[PDB]
Protein chains: 2
Amino acid sequence: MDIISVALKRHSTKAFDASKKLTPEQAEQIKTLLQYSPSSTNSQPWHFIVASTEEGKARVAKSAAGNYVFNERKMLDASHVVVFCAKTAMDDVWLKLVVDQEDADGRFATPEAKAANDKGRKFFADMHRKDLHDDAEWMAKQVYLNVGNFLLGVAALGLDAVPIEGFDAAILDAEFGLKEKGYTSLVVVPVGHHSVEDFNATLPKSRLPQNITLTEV
Amino acid sequence: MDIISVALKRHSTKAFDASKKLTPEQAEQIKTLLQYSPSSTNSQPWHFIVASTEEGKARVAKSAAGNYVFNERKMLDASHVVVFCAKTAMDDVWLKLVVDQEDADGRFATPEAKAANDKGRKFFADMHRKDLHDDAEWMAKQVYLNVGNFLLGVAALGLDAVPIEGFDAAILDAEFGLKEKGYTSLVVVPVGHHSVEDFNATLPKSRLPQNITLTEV
Ligand SMILES: Cc1cc2nc3c(=O)[nH]c(=O)nc-3n(C[C@H](O)[C@H](O)[C@H](O)COP(=O)(O)O)c2cc1C
Ligand SMILES: Cc1cc2nc3c(=O)[nH]c(=O)nc-3n(C[C@H](O)[C@H](O)[C@H](O)COP(=O)(O)O)c2cc1C
């Protein structure tokens with residue numbers, strides 16, 4: 001159970017074995033990972049859809065019918081398929097909700113601590129929706145962080161997965177009633193076990209040398 | 001069971017033990033982690049700065065001014081500090097860097113297949129920097145994905161870390177001459193070991209209930 005090995009061994013599955021499914025335990029482990037991911041000020045500006053039924057994966061895959069047909073198969077054949085969603089705008093409600101939760105779990109000693117945490121959360125939230133007018137992308141950024149967390153996490157569970165950015169968010173939004181609830185699709189991640197039609201399992205892993213992307217000071 | 005415990009036990013350390021440094025192997029491991037993270041089309045539109053010296057860390061801490069004082073401590077007290085940077089504009093010279101390392105690592109069986117990815121990568125990049133004119137946030141989204149992978153990874157190594165968004169991007173960029181190289185800092189991640197002053201090490205992890213963030217279908 002060494003994380004580097006799993007980091008060097010994991011890959012983007014290009015073909016899933018429709019027959020091999022997720023344990024009801026692994027199915028639970030998948031939702032736990034999504035939920036427990038960190039976020040700026042613990043804003044958790046996301047929403048997830050975890051397709052488990054063929055009727056569900058088809059609903060999702062329905063967004064890959066365009067010029068992303070090669071992606072369609074990964075969706076339908078994989079055990080579970082999660083489509084990460086980000087909030088469209090950071091509202092005062094979601095903010096009150098987060099702090100009310102942190103309080104419910106006992107993260108505040110005095111009511112003054114609770115207030116100081118809320119003012120700090122609103123400081124950052126405001127500099128985004130009021131100063132820089134980027135709360136939508138700031139929120140989308142955290143969702144991606146959640147994905148990086150997820151990809152490594154499932155890989156460490158001995159599961160295969162692949163981050164799909166090639167899909168019509170517009171079609172997916174409409175198909176699930178998103179945007180109405182204040183959300184958008186950003187990444188689709190089919191999870192399960194790979195089949196022999198997956199070429200990327202035999203191919204070596206590649207990244208640019210550290211002498212180009214990294215500076216030590 | 002394995003990464004899940006890691007995921008639920010990890011926390012945003014608020015105070016570091018300066019004397020507690022990373023072991024020689026741990027230092028190489030965090031670097032590997034930064035390197036093998038996935039990214040859309042394997043574009044790796046990122047750059048990292050790892051400060052391990054006392055001089056390096058102070059230079060990064062320079063960005064912890066104004067209303068970001070509460071983060072200066074962690075940037076100096078932590079064993080190593082990683083500055084996550086994204087490219088400011090995706091140019092063909094880099095798309096050529098990626099494809100050349102993929103060809104060199106032995107992923108392409110036929111020269112037709114290499115030209116097949118170059119086109120795939122280009123088409124994806126083209127619709128971002130031309131049509132939507134948002135390649136700056138697209139590359140930035142990839143960096144956050146890398147951070148998520150990093151946060152869980154260092155935690156799996158038994159290391160402490162806190163993702164910092166509270167710093168001055170201009171000071172960090174200027175202090176390192178990033179704009180001229182084509183980069184901008186997004187997230188700062190000091191990593192080492194927590195001190196007993198870390199009030200967050202003993203506090204309970206708070207997250208929203210799954211009945212709000214997750215829709216199982
Ligand atoms: C992108 C990002 C930026 C953050 N910025 C800061 C920061 O500037 N300073 C800090 O002390 N914590 C920062 N946090 C830590 C969050 O408050 C923390 O991740 C969140 O409350 C969840 O707590 P946990 O990491 O203990 O699970 C940041 C987290 C993320 C993901
Ligand atoms: C955000 C994102 C989007 C990607 N889009 C796709 C996609 O639509 N289809 C696909 O097969 N792979 C996709 N990839 C997988 C990448 O090509 C892959 O992560 C990269 O080549 C590095 O290889 P690895 O995943 O084996 O480490 C994507 C990856 C990420 C992180």
Side-chain angles (χ1 to χ4, degrees), chain A residues 1-13 16-39 42 44 46-54 56-57 60 74-85 101 105 142-164 186-195 201, chain B residues 1-11 33 37-38 145 147-158 204-217:
Chain A
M1 286 165 166
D2 170 64
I3 207 65
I4 297 308
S5 334
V6 6
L8 296 159
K9 287 156 147 240
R10 75 146 281 293
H11 75 270
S12 260
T13 301
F16 289 85
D17 194 89
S19 144
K20 307 208 256 309
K21 250 76 258 231
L22 280 185
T23 331
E25 159 198 32
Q26 291 180 332
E28 200 58 48
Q29 252 146 180
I30 284 330
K31 309 189 256 171
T32 302
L33 270 174
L34 297 173
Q35 174 189 42
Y36 283 90
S37 170
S39 45
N42 197 210
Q44 316 170 59
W46 44 48
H47 190 88
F48 326 96
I49 293 161
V50 187
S52 38
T53 61
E54 296 300 326
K57 305 191 256 255
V60 183
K74 287 148 199 176
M75 320 205 173
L76 339 138
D77 307 319
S79 189
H80 290 26
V81 161
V82 22
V83 34
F84 298 70
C85 297
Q101 179 75 63
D105 294 332
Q142 320 292 319
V143 174
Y144 266 74
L145 200 156
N146 192 312
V147 175
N149 183 79
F150 194 76
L151 298 176
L152 210 234
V154 293
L157 280 174
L159 312 174
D160 291 296
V162 50
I164 280 71
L186 302 176
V187 181
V188 178
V189 186
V191 177
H193 293 276
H194 78 302
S195 60
Chain B
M1 339 75 146
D2 190 53
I3 13 66
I4 298 317
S5 70
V6 182
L8 300 159
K9 297 245 260 21
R10 70 146 292 282
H11 76 291
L33 233 11
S37 158
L145 189 154
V147 179
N149 181 90
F150 187 84
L151 300 189
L152 190 73
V154 313
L157 295 182
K205 181 158 309 313
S206 190
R207 283 299 186 291
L208 260 23
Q210 258 154 207
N211 55 37
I212 304 189
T213 46
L214 197 152
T215 311
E216 242 172 320
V217 281

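Atoms considered below: every heavy atom in the structure, side chains included; atoms not considered: hydrogens, waters and symmetry mates. Chain letters run A, B, ... following the sequence lines, proteins first, then strands; residues in each count from 1.
- Of the inter-residue distances, the one linking A:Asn146 atom CG with A:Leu186 atom CG reads 11.0 Å to the nearest 0.5 angstrom.
- Listed here is the closest heavy atom pair of A:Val82 and A:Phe150: CG1-CZ, 3.7 Å.
- No side-chain heavy atom of A:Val162 sits less than 4.5 Å from a side-chain heavy atom of A:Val189.
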Assess whether side-chain contact (heavy atoms from CB on, under 4.5 Å) is satisfied between A:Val188 and A:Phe84, documenting all intermediate values.
CA-CA 6 Å; A:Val188 178; A:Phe84 298 70; over 6 Å; no

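- Of the inter-residue distances, the one linking A:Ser12 atom OG with A:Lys74 atom NZ reads 8.0 Å to the nearest 0.5 angstrom.
- The side chain to side chain contact (heavy atoms under 4.5 Å, CB included) test applied to A:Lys20 returns A:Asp17, A:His193, not counting sequence neighbours.
- Taking the side chain as every heavy atom from C-beta outward, A:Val81 and A:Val191 never approach each other to under 4.5 Å.
- B:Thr215 has its side chain within reach of A:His47: a pair of non-hydrogen atoms, C-beta onward, lies under 4.5 Å apart.
- Of all the heavy atoms in A:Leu151 and A:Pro163, the pair that sits closest is CD1-CG, 3.4 Å.
- Side-chain atoms of A:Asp105 and A:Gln101 include a donor-acceptor pair closer than 3.5 Å.
- Checked by atom type and distance alone, the side chain of A:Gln44 pairs as donor or acceptor with a backbone atom of B:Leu208 at under 3.5 Å.
- Once rounded to the nearest 0.5 Å, the distance linking CG of A:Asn42 with OG of B:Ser206 reads 6.0 Å.
- Interatomic distance, A:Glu28 CD to B:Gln210 CD, rounded to the nearest 0.5 Å: 6.0 Å.
- Heavy-atom minimum distance, A:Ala51 versus A:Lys57: CB-N, 3.7 Å.
- Between A:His80 and A:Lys21 there is no side-chain heavy-atom pair separated by less than 4.5 Å.
- Using a 4.5 Å heavy-atom cutoff, the side chains of A:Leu145 and A:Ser39 are not in contact.
- In the model, B:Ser37 has no side-chain atom that pairs as donor or acceptor with a side-chain atom of B:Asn149 under 3.5 Å.
- The salt bridge (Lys or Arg N to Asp or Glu O under 4.0 Å) search around B:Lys205 returns none, not counting sequence neighbours.
- The two residues A:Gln26 and A:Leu157 make their nearest non-hydrogen contact at NE2-O, 4.0 Å.
- Across all non-hydrogen atoms, the minimal contact from A:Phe16 to A:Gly192 is CE2-N, 3.7 Å.
- Using a 4.5 Å heavy-atom cutoff, the side chains of A:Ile3 and A:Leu152 are in contact.
- Listed by chain and number, the residues in a salt bridge (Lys or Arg N to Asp or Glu O under 4.0 Å) with A:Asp77 are A:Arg73 (sequence neighbours excluded).
- For the pair B:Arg207 and B:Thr213, the minimum side-chain heavy-atom distance is 4.5 Å or more.
- Nearest heavy atoms, A:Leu22 versus A:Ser79: N-OG, 2.7 Å.
- Atom CH2 of A:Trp46 is separated from atom CD of A:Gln35 by 10.0 Å, given to the nearest 0.5 angstrom.
- Within the model, atoms CG of A:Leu33 and CZ of A:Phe48 stand 10.5 Å from one another, a figure rounded to the nearest 0.5 Å.
- Side-chain contact between A:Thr53 and B:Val217 is absent, with no heavy atoms from C-beta onward closer than 4.5 Å.
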